[PDB]
Every structure is written in structure tokens, then in C-alpha cells.
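Remarks on the overall topology
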6 protein chains.
Amino acid sequence: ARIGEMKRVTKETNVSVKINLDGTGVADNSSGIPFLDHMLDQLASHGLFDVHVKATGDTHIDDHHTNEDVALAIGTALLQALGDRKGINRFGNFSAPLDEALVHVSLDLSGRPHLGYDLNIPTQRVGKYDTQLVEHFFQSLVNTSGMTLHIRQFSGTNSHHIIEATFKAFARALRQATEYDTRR
Amino acid sequence: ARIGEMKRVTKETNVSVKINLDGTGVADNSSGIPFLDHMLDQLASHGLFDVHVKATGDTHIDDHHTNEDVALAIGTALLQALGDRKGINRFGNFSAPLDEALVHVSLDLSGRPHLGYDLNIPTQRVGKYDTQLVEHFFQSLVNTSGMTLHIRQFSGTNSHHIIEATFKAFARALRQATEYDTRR
Amino acid sequence: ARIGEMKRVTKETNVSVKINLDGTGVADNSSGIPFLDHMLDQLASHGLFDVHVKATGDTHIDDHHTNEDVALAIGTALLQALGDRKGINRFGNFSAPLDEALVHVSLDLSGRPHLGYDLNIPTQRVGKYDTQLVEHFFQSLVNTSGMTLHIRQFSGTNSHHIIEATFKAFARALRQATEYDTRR
Amino acid sequence: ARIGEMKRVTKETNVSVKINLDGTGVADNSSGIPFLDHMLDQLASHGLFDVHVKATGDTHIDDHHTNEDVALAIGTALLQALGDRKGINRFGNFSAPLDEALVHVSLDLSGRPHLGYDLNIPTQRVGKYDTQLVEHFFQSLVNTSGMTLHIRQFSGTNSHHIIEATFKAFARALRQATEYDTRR
Amino acid sequence: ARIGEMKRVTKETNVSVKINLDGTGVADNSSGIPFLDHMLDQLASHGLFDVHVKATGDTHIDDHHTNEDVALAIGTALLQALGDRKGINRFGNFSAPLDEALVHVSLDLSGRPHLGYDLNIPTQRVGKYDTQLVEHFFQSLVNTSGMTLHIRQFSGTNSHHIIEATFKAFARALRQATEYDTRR
Amino acid sequence: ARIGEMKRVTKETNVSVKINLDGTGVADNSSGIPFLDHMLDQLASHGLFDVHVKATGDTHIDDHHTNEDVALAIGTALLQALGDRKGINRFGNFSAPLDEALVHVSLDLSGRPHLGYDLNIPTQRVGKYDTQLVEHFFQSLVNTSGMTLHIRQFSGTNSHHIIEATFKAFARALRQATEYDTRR
Ligand SMILES: [Mn+2]
Ligand SMILES: [Mn+2]
Ligand SMILES: [Mn+2]
Ligand SMILES: [Mn+2]
Ligand SMILES: [Mn+2]
Ligand SMILES: [Mn+2]
Ligand SMILES: [Mn+2]
Ligand SMILES: [Mn+2]
Ligand SMILES: [Mn+2]
Ligand SMILES: [Mn+2]
Ligand SMILES: [Mn+2]
Ligand SMILES: [Mn+2]
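Along each chain, residues carry numbers from 1 upward in sequence order, and these need not match the entry's numbering; residues missing coordinates do not appear. Chains and ligands are labelled sequentially in the order written, the chains with letters from A and the ligands with numbers from 1. These chains belong to a larger assembly; all numbers given describe just the chains displayed. Note that water and hydrogens are dropped before the side-chain values are worked out from all heavy atoms of the structure.

- Method of determination, as annotated in the archive: cryo-EM, at 2.4 Å resolution.

- The name given to chain A in the PDB entry is Imidazoleglycerol-phosphate dehydratase, with Medicago truncatula as the source organism.
- Recorded in the entry header as its title is "Cryo-EM structure of Medicago truncatula HISN5 protein".
- Quoted verbatim from the Subcellular location (unreviewed entry) heading of the UniProt record, the comment on chain A is "Plastid, Chloroplast".
- Under the UniProt heading Catalytic activity (unreviewed entry), the note attached to chain A is "D-erythro-1-(imidazol-4-yl)glycerol 3-phosphate = 3-(imidazol-4-yl)-2-oxopropyl phosphate + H2O". UniProt positions are given in the numbering used here, feature names are shortened, and annotations may be inferred rather than shown by experiment.

Structure follows, in C-alpha cells:
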């Protein structure tokens, strides 16, 4: 079983993250951003990962500093759990429909960080969550994990449906890339 | 050491401000606007100034009256600390990058107030802070300090990055203008 | 194990080609076009095929006649190795990301030749290789193998990345079409 | 004196790189790309760095693989020479004129990689050097060094002048960011 | 101390010019064009140069012949004072704000003459001075001094403010280029 | 007989140039750029000049540095051969047709350098010669000779015809300007 963990203390945030690639879908997420916790639970259920996030920070100013630090910690823990990446598929593709929304995700674990972001979120706030942080979350994740990620939206009107369809497609594409190849 | 202070009591706000131009970066800022306190801390760290702000006011209506009165007090304290402005550079230029954002600041301490504002902030709120108050803050500062200030944005998408890059470039351009010229 | 071979002698070129569909990724390619050899190696590694190409020709005039004859020989050897095509999937789909580039390939082995080509290569030369020969290579391959092939580009700026992402997606889509179906 | 070195052996390239930040401008560059060696010499002379590059590779196919591997090695050696980055300016700005060309460079050493590229090179080849590799060189450098880099062109017609003005502005902006701050 | 002088007698003008690069700002300018004398005084004060100009000519026809001959003499005296240009920075950059006006100047002392002029002066006369002579002054200066000069305007409405901001930025950029570099 | 010579040694090029204005058309040109030698021969035959150029340089990088240094040496040798320019026409005009191409050249020897370039060369390479160097050649020639030169194209499609018609018109216009005026 491949397991990654990370702990970082700064002047703004305290974050502890644990990821298990060979899991059954256990989700224990508790940060100061309730909507981000809803998103991280879908990554565990649809990807069959074990995700544990504990974070506290200066949310009285904004959610920006907490959102950025959580994404960096998840990316670092993913890199250490992967190790040498020998015998894995390294490629993942998935399209996820959610009512009127449809998002396609293509990723490859290569060591070269790149993000291709094409999303059109109509509203500025979903709950208390600022929708500009969706791009910032995925940009910080690929900078520490060294992955190439492409996200494209084909349809969608509702802000909740578009974002939560994106996390479903990312979880299942990451699962396919991390499974061992059966060779011939 | 050049030190300026100001104290003003009105029917809406009570403000006390202390500025030291020859400092080491001590920041003690406490008003009713948490995001403005985050911005004023960067002016102390990047500009090597000592900034102390204490303010209370009618924030139950809006942040407008408190934001305006703090900016006027900072400008007045800056003017008294400068004094005769003899032997100083009087000019400052700096461009500050922050991820995808890039802001250039040009200022000159001449006694003639003028503001050139060219910023494109995409969202209406960052946290609880209204983004229309960024222009109002800098307009009130140059009216009491008598400075010529130009702000121009070359790139940027994130609202937090654009504003906080502006304060970094302003702090380092003000620091260069207040240093003593070495002559030949 | 399904193995195909071909040998053709004309007044311009001499070509010998051997293909093994049940392979481990052995690549032995030696023609007069170094960039084409780089492309054919990726088909062996990503598709788990055994590819052997030996060719000599009148490269002092152009690479056109050598490039065309190699593609025809590969298509003929593929057809003979497939045989009756009984019990195979016959369909393959894959999207391959390579930094900023993203290419999708859809193919089906039906006996009816058709090529759908949608690529936008910005430069005229990559090394010494003429970029007009990428279309000519795939058109000659489907004319002798009798396959329906669709290629579409979604993003990309670098000429090397776009072409070499196309060969990766073609290799993995061809591999999926040639595997035996497990039925129920 | 801060010195960084790197050695990487792959199936395509062999690269050894040595960088000294406290140097006098010694340049010893020898790869398979003569135009890149001309560019790396200007970084030593204008930046007062000591740069040593030795590389061999499969240039018979293209210059792509050699150009990419050299840029990655330089970025890694720069990161190790910087160390904790304590007491340095961390910011650099410079505009460099070269006849009709004018390029501005803004950089900051923060640990977050980002590239802003705005160049308009009119021709496809300068000598034997492919002009698409100028972007690929700077993208690979910031991915391993963790720096934020912005490049903007204001004028220029000649391809040689535009590129070689870019390297002059980058060298002097990097020099300013690596000097120790004098504090008060 | 580096000092340059020039004396030229033609059928239209008599000009004597003396320039000292290591000065304290002494200005003694007396030609037949009062507005040009106002401009040359700012070059001495802001650049810390010693400038002495004495000229008489056929101003009853136009100011063209006198303006052209003064600029040629200043450029020649600057070249002789520079000498071998060993140990100097050779590069200068400055942006100067003057109320609503903002002008940026970039120069380099290389021996190759080039002028990049981008100014938008709204009126045809400032006092008795023809505004077409601003371009003619700087073109004649770079032809005799062998310098590369770029001038760009970012804002401005008043003709007096735009021109006199240009001379301020040119003086401080020339001062930076002529100072001795401190090396490491 | 008016004869000019020049010899310059730099770190990149070694150039020796000899020009005779009262000649019979002897051409002895040998540099590392064969197409430039073809152009310089037409200047001797059509202008009745004696031109001798010997140059070696770092052509393994590019032809840029060799092309620039040859043009500077020719311009300097032309200036010294002219001397006081007493009794000469100082003006030259010629239009040269070459099949479908037609180029007009107007020049005047005044001591004030200026280049007016209006050419539309359709291709990027003629042989191994980069077509961007045609402008760079004539710009460097007028900077050292102090001449005013205007070049305008009225028709033409073939790259070889357009360039070689330009050199024919320049040679005959320069010949007319250097002949002694017969007065009344
Ligand atoms: Mn951020
Ligand atoms: Mn939901
Ligand atoms: Mn107000
Ligand atoms: Mn912040
Ligand atoms: Mn053909
Ligand atoms: Mn490759
Ligand atoms: Mn690459
Ligand atoms: Mn060069
Ligand atoms: Mn004139
Ligand atoms: Mn004035
Ligand atoms: Mn040049
Ligand atoms: Mn010819």
C-alpha cells in the first residue's frame, strides 16, 4: 500500500494531510472551508482513495491562504506515495455528466507540471466559497505533484453542478493512471 | 529618525496612526477591516517601515467611513515625517510580480497631489472587503501627503494577487524615494 | 502470436518491414529519415508492439518517396497479421496530453479506408523533416490496412510536441482495438 | 561563494552544468547547439556569473531534446546555489535596448513557478536554431528553479537582436535579485 | 574628472559647448531660444552635470538652424568626455512623472546610433518654441554621440509637462549609465 | 585617385577592405558569405569601382556578425576616400529594372546619416543567406559613411531579382554622386 503524508506550519496556516492510493473510500476532511470539504469527499468516494485533511488558518481575512496551502500539501503527499511510478498506466481520461453539466479531464504523470484550464463558472459565490479559488486549487496541486492536467467544459449552467462534476472526473482519471498495468 | 503621528476624532471614527520612516519592519495594525490590516502589514515588511494603526468606527453600516479616515491619517503623518525633504531622492519606481499578476508603480514627492489609477479588479468582494475601496484608499492618501502617484496593471486575473501586488510595489517605490541621495 | 512482414523493391526504394502484435516493445528502426525513426520507436514502447523497419532510397532528392513507401509497407503487414479479426475489440479511443498539446485518436478496423485529419502544425520543418509528410504517412497507412481513422487536435503550440503526441495516442488506440474481447 | 552543479544521464543526452553566483564572468560553454552557446556567454558577461555547460546528445534528430535538458540542469543548479535565500533582494527588473529592439524582464525568486512569455520573433530560423525553442528554454528553467518570470517585448524587427536582448535583460535582472540587501 | 568641449563656426551659427560629467549641477546656458535654455537647466540639476552653452545665430528666420547646431555640439562633447567607456554601467533606465504626464527613457552607450521616438505633443507652440524641434534635437544628439535611445509616453495632456518630463527622465538615465560600476 | 582602406580585428571577425573610386571595375571579394560576394561584384561592374574585401569570422553560429562588420568597414573606407567632397555632384538618382522587378535609389552625401528602407522580399532565404540581413547591411553602411539613402520598390516577385536590382541602382547612383561637376 502506497501512503503519503505531509505537515507544514507557516505564519498563516497549519496543515496535516494523509493520502492512501490503495483505499476503500474513507473520507475524514475537516478544514475551515465547508464547501472544499464537500469536494474532497467526492475524491475519496469516486476515486476509492483514503483522504484525511486537517487544517486551521486565518479564515477571518479570506479563504485564499487556507485554500492554497491545502492544495500544496495534497500534491506533495501524492508525489511521495507514487514513488518510482514503475508498472503503472500513467495516463487517465474520463468525462463526467452531472445533469446539464459535462466536464472532461485528461492527465498524465510525467514530472513536468502544466495546467490547462477551460471552465466557465457563471456566479461569483457558490455558498461562502469564492469561485476564483477553483483554478488556484488545481494550479497549486500540479506544481507540487509534477503532473500534466487538462480540464475542458462542454456544457453546464449551474455553478454547483459544474464544479462538482469536475472533481468527479478528476478522481476517476487519477484512479486509472495509478492502477498497475497488466502488460500482455 | 523621522517619525509622524496623527489623531483625529469625528462623529463616525476614532483613528490613531504612527509611522517611522527609519524602521526595521515592525507592524502593529488593528482596525475593523481585517483585509486592510493584511495589506498594511506588507507595507511594513517590504518597505522596512514601522506602521502602527488603531481605529474603531461604525462598521455596522459600511467599511467606507473607516477606510477613508485611515487613509487620510496615514497621508498626514507621512507629510510631517518628511519635513523639508532635503537630500532625498524624491523619486521611486518598481514593478512587482505576483504569480500571473504584474503591477508597476511610479511616484514622486513634489507637493502637488495627483492620482493615476489603472487597475482591473474582476470581482466585487475579496473577503468581506469591497473592491471599490482600493481606489478610495489611494486617492485619500495623496490628497493629504501631496504626492504624484501612477499605478498601472500589465497582467493579472486573481483579485487577491492583483491588490496585494499593488501594495508591494508601492512600498518599495516609497522606500526608494525616501532614502538619502549619496550625491557624487 | 500474430506476425506480419512485407518486402517491396521499386526503382526508388527498398523496404523490409516486420510487425508483431503480441510483443514487449522491441524497436529496431533504421531508415534514411531520423525523425521518422524517433516516431516509430514510440509506437513500439506505448503500444507494446515489436516494430522492425529497414529502408534505403533516394533521399538525395527528397524524403517524400521513402516516407510514402514505408507507410504502405506497414499497413500491408498490419493487415496480414490481423487475419480474420475474430474475437477482437475492433475499436480504440485515446486522448494523449504532452505538455500544452492534446490530441485525440479514434479508429476502427472495418475494411473500409477513411482518414479524418485535423492537425495544425505551425512550422514547416521540425528538424530536416518536412511537416507535410505527417498527413501523407497516415493516408498511405489506411489505404493498405483498410481502417477508419480520425485525428483531432484540441491544443498545442510546439511542433515536436504535437506530432509526437499524435503517435502516442495512435499506438494506444491501436493496442486497444487489437486485444481479444473477454465477452461476458 | 555560492556554487551549484548538476549531472544527469538519460537515453538521449548527457549534461554537466556548473554555476557560480559570485563570479567575474568566466564563460566555458560547449554543447551541440552553437547559437545557444552564444546566448549563454552573454549571461556570464552581463550577469557577472561563472557558467560552465558541457553537453552531448542526439542532435542528428533535432535540437529539441538537448535544448530541454540543458535548461532543466541550469535551473536545478541555480536552486541549490541559492540555498535558504536569506538576506537577498529576491526581486529584479531591467529593460535592455539593442538597436531597434527593447525587451523588459521582471522576475522574483519565490518558490512558485510561473512564466509570462510575450515575444514576437518574425523568422523561423536564426542560424540552424529553431526559434520555437526560446520559449521551451525559459519554461524548463522556471520549472526546476521555482521562479516567477515575466518577459515582454516593446519593439524589434531583427530576430538576432530580439533574442539576444532578452538574455541581456534576464542576466542583469537575475544579478539584482541575488545581491545581498544592505538593510538600512 | 571627464570634461568635453566643442566649438563650431558656420555661415549660420556660432556655438561653444562645455560639459562636465563629474559635476554638482552648475547651469550656464545662453542661446537665442529661451525655452531650450529652460530645458537644458533641468539636465544639469537632475543629472548633476555641469552644462555651459553659448550660441548665436540667424533666429530672425527660424529657430531650426540654431536648435540643430546646439544638439550636434552637445553630442560631440559628450563622446569625447566618455573616452574609452571602461568600467561604466553603459545602461540607464528611468520613468519620470510630472502631474498627469509620465515618460520612460531607456538608453545604452554602444557606438551605434539609433532613436526610438514615441511622443504625442498636442499643441504646435509652447511659447515661441516650435514643438517639431523636440524630435530634431534628440535625433541630432544621438548621431554625434553614438547612442541608442528609446523614448515612450504613457500619459500626458499638457505640452509643457510632457516635454519637461522627457528631459528629467533623460538626465537621470544618462547619469546612471555614466557612473562607474562597483563590480562585486 | 581616391582610395580608402580599413582593417578591424574583434573577438568575432577579421576584416580588411579596400575601395578605389576611380577604377575600372576590378572585383576581388572573398568572405564567408557567397551570396554577399555575388552582390559586391555587381557594385564593381556597374559602378566602375575597385572593391576588395577579405573577411573571416564565426559563421558557424550565424552570418549576422560577419555581415555587420563588412558593412561598417566599407562605409568607413568610403568616407576617407571622399575627403573634403569638393567639386563633386553629391547627388545621385537611378531606377534599375530587372525582369519584373524595379527599384529606385536616391542618395546624397551630406554627413547626416539616414536610411529610408521600403522593400518587400517574399522569401526568408535566397540560398543560405538570410533576407533580414539586407536591411542590416545598408543601415550599417550609412552609419559610418554619413549619407542619406532612400530605397523604394515599385514591382517585383522574385527574391533574387529584387535584391540584385537594388545593388545595381545603388552602384550607379553612388557613381553619379562621386563624379566631379563640370560647372558651367
Ligand atoms: Mn495565491
Ligand atoms: Mn453536491
Ligand atoms: Mn468617501
Ligand atoms: Mn496575501
Ligand atoms: Mn506521394
Ligand atoms: Mn521527442
Ligand atoms: Mn519538450
Ligand atoms: Mn550576437
Ligand atoms: Mn534640420
Ligand atoms: Mn517648467
Ligand atoms: Mn546587429
Ligand atoms: Mn544574379
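Details of the overall build of chain A
- Put simply, DSSP H or I for four residues or longer makes a helix, DSSP E for two residues or longer makes a strand, and each gets a number counted from the N terminus. The helix and strand tally for chain A stands at four helices and eight strands.
- Starting at the N terminus and walking to the C terminus, you meet the elements of chain A as β-β-β-α-β-α-β-β-β-α-β-α.
- This radius of gyration counts C-alpha atoms alone. The globule rule is 2.2 Å times how many residues there are, raised to the power 0.38. Taken against the 2.2 N^0.38 rule, which gives 16 Å for 184 residues, the C-alpha radius of gyration of chain A at 16 Å falls within 12% of a compact globule.
- With respect to the three principal axes, the spread of C-alpha positions in chain A is 55 × 40 × 30 Å.
- Burial analysis of chain A (184 residues in total) assigns 54% to the buried set.
- Intrachain contacts of chain A at a sequence separation of at least 6 include 75% that bridge at least 24 residues. Relative accessibility decides the category of a residue: with a 1.4 Å probe and only protein chains considered, values under 20% of the type maximum give buried, values over 50% give exposed, and everything between is partly exposed. Residue contacts are counted whenever heavy atoms from the two residues lie within 4.5 Å of one another.

Quick look at the pairing of strand β1 (residues 3-9) of chain B
Residue and element names in this part refer to chain B.
- Sheet topology note: the β1/strand β2 (residues 13-20) ladder contains seven bridges and is antiparallel. Bridging across to β2, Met 6 finds its partner in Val 17.
- Joining the antiparallel neighbours β1 and β2 is a turn of three residues. Here, strands pair whenever DSSP counts at least two bridges between them.

Let's talk about the relation of the copies chain E and chain F
- At an RMSD of 0.0 Å, chain E and chain F line up after a rotation of 180° and a shift of 0.0 Å along the axis. Taken together, the rotation and translation describe the operation of a two-fold axis. Scanning chain E for the C-alpha nearest the rotation axis identifies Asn 143 of chain E, at a separation of 4.3 Å.
- In this assembly, 100% of the residues forming the interface of chain E have copies in chain F that are likewise at the interface, indicating an isologous arrangement. Between copies, superposition is a least-squares fit restricted to the C-alpha atoms.

Topic: helix α4 (residues 159-178) of chain C
Residues and elements named next belong to chain C.
- A helix is expected to reach a length of 1.5 Å times the quantity of its residues less one. If you check α4, its first and last C-alpha atoms are 29 Å apart, about what 20 residues at 1.5 Å a residue would give, namely 28 Å.
- Among the 20 residues of α4, 19 are classified as buried, and the element is accordingly described as predominantly covered.
- With a side-chain oxygen positioned 2.9 Å from the backbone nitrogen of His 160, the residue opening α4 is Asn 158. A 3.5 Å cut-off defines polar contacts: any pair of N or O atoms within that distance qualifies, except that in protein one atom must be a possible hydrogen donor and the other a possible acceptor, and neighbouring residues in sequence count only when both atoms are side-chain atoms.

Here's the deal with the interface of chain E and chain F
- With four residues of chain E in contact, the opposing surface of chain F contributes four residues.
- Take the accessible area each of two parts loses on contact, using a 1.4 Å probe, and add the two losses: that sum is the buried area. Taking both partners together, chain E and chain F bury about 270 Å²; carbon and sulfur atoms supply 48% of that area.
- Definition used for salt bridges: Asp or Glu carboxyl oxygen within 4 Å of a side-chain nitrogen of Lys or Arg. In this structure, the connection of chain E to chain F is made through zero salt bridges.
- Summed over the shared surface of chain E and chain F, the number is zero residue pairs in polar contact.

Some points on the coordination of the manganese ion (ligand 6)
- Metal donors: N, O and S atoms at distances within 2.8 Å, or within 3.2 Å for Na, K and Ca, with water omitted from the atom set so that some sites may seem incomplete. Surrounding the manganese ion (ligand 6) are the protein donor atoms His 38 of chain C (NE2), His 160 of chain C (NE2), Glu 164 of chain C (OE), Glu 164 of chain C (OE) and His 65 of chain D (NE2), which sit 2.2 to 2.5 Å from the metal. Of this pair, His 160 of chain C sits in helix α4 while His 65 of chain D sits in helix α2 (residues 64-82), on two different chains. Of the two residues, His 160 of chain C and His 65 of chain D, both sit in the buried class.

Here's the deal with the interface of chain A and chain C
- Counting residues at the interface gives 16 residues for chain A and 18 residues for chain C.
- Summed over both sides, the interface of chain A with chain C buries roughly 1400 Å², with 49% coming from carbon and sulfur.
- Sorting the residues of chain A by area buried against chain C places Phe 91, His 150 and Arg 184 of chain A first, and these three jointly supply 42% of that buried surface.
- Remark: the boundary between chain A and chain C carries two salt bridges.
- Of the charged contacts, one joins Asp 99 of chain C and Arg 112 of chain A as a salt bridge, the two residues approaching to 3.0 Å between their closest N and O atoms.
- Summed over the shared surface of chain A and chain C, the number is five residue pairs in polar contact.
- Elements with a contribution of two residues or more to the side of chain A that touches chain C: β5 (91-98), β6 (101-109) and β8 (147-155) of chain A.
- Counting residues per element, the side of chain A that touches chain C draws most heavily on β6 of chain A, which supplies four residues.
- Three residue categories are used. Nonpolar comprises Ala, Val, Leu, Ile, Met, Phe, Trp, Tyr, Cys and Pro, charged comprises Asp, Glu, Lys and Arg, and polar comprises the others, including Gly. Class assignment of the residues belonging to the side of chain A that touches chain C gives a composition of two nonpolar, seven polar and seven charged.

Thoughts on the sheet that holds strand β1 (residues 3-9) of chain D
Residues and elements named next belong to chain D.
- Judged by pairing direction, the sheet is mixed, and its four strands sit side by side in the order β1-β2-β4-β3 without closing on themselves. Since the sheet does not close on itself, it has two edges, and those belong to β1 and β3 (27-30), each with one partner. The mean inter-strand angle of the sheet, taken between neighbouring strand axes irrespective of direction, is 5°.
- The axes are straight lines fitted to the C-alpha atoms, using for helices just the contacting stretch, and the angles between their N-to-C directions are given from 0 to 180°. Against the sheet, helix α1 (residues 34-47) contacts β3 and β4 (50-57), and its axis sits at roughly 160° relative to β3.
- Running over the sheet, α2 touches β1, β2 (13-20) and β4 and is turned about 145° from β1.

Some points on the coordination of the manganese ion (ligand 9)
Residues and elements named next belong to chain E.
- Protein-derived ligands of the manganese ion (ligand 9) are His 64 (NE2), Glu 68 (OE) and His 136 (NE2), with the metal-ligand distances lying across 2.3 Å.
- Every donor residue of the manganese ion (ligand 9) comes from the same chain, spaced as H-x3-E-x67-H. With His 64 and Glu 68 both in helix α2 (residues 64-82) and four residues apart, the pair spans about one turn of that helix.
- Taking relative accessible area as the criterion, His 64 reaches 29% and is therefore assigned partly exposed.
- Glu 68 sits in the buried class, given a relative accessible area of 15%.

Considerations on the pairing of β3 of chain D
Residues and elements named next belong to chain D.
- Of the pairings in the sheet, the one linking β3 to β4 comprises four bridges and is parallel in character. When the sheet's bridge partners are listed, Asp 28 is paired in β4 with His 52.
- Orienting the strands away from the viewer, one traces the path from the first strand over the helix to the second; a clockwise path indicates a right-handed crossover. Each parallel crossover has a hand, and for β3 linked through α1 to β4 it is left-handed.

Quick notes on helix α3 (residues 133-145) of chain A
- Between the first and last C-alpha of α3 of chain A there are 18 Å, a value that for 13 residues agrees with the 18 Å anticipated at 1.5 Å per step.
- Among the residues making up α3 of chain A, those that are buried are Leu 133, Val 134, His 136, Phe 137, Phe 138, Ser 140, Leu 141, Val 142 and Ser 145 of chain A.
- Where α3 of chain A is buried, its residues contact α1 (34-47), α2 (64-82), β7 (114-118), β8 and α4 (159-178) of chain A together with α4 (159-178) of chain B.
- Count one or two residues on from α3 of chain A and you reach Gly 146 of chain A, which has phi positive near 65°.

Thoughts on the pattern of salt bridges
- For the structure shown, the criterion picks out 32 salt bridges over all chains.
- The shortest N-O distance in the salt bridge between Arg 2 of chain F and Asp 22 of chain F comes to 3.3 Å. One end of the pair, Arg 2 of chain F, is in the segment before β1 (3-9); the other, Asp 22 of chain F, is in the loop between β2 (13-20) and β3 (27-30), and 20 residues separate them in sequence.
- By relative accessible area, which is 14% here, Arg 2 of chain F ends up buried.
- A relative accessible area of 41% means that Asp 22 of chain F is categorised as partly exposed.
- Put simply, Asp 181 and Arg 183 of chain A together with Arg 175 and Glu 179 of chain C are held in one network by salt bridges that share partners.

Re the packing of aromatic side chains
All names here are of chain A.
- Only centres within 6.5 Å qualify two rings of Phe, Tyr or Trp (six-membered ring in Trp) as a pair; their planes then separate them into stacked at under 30 degrees, edge-to-face at over 60, and tilted for everything else. Inspection of the entire model under this criterion finds 34 aromatic pairs over all chains.
- With a centroid separation of 5.5 Å and an interplanar angle of 70°, the aromatic rings of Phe 138 and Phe 170 are classed as edge-to-face. Of this pair, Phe 138 sits in helix α3 while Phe 170 sits in helix α4, and the two are 32 residues apart along the sequence. The exposure classification of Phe 138 matches that of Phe 170, with both residues buried.
- Among the aromatic side chains, those forming a connected cluster through ring pairs are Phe 137, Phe 138, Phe 167 and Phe 170.

Let's talk about the sheet that holds strand β3 (residues 27-30) of chain C
All names here are of chain C.
- Taken together, four strands build an open sheet; the order of strands is β1-β2-β4-β3 and the sheet is mixed. Every interior strand has two partners, whereas the edge strands, β1 (3-9) and β3, have only one. Neighbour-to-neighbour, the strand axes of this sheet turn through a mean angle of 5°, independent of strand direction.
- Where helix α1 (residues 34-47) meets the sheet, it contacts β3 and β4 (50-57), and its direction lies at approximately 160° from that of β3.
- Helix-sheet contacts for helix α2 (residues 64-82) involve β1, β2 (13-20) and β4, and the interaxial angle to β1 is about 145°.

Topic: the environment of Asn 89 of chain F
All names here are of chain F.
- By the secondary structure assignment, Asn 89 is in the loop between α2 (64-82) and β5 (91-98).
- Residue classification places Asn 89 among the partly exposed residues on the basis of a relative accessible area of 24%.
- Those residues within four positions of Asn 89 in sequence are excluded, and the remaining contacts are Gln 176, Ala 177, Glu 179, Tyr 180 and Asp 181.

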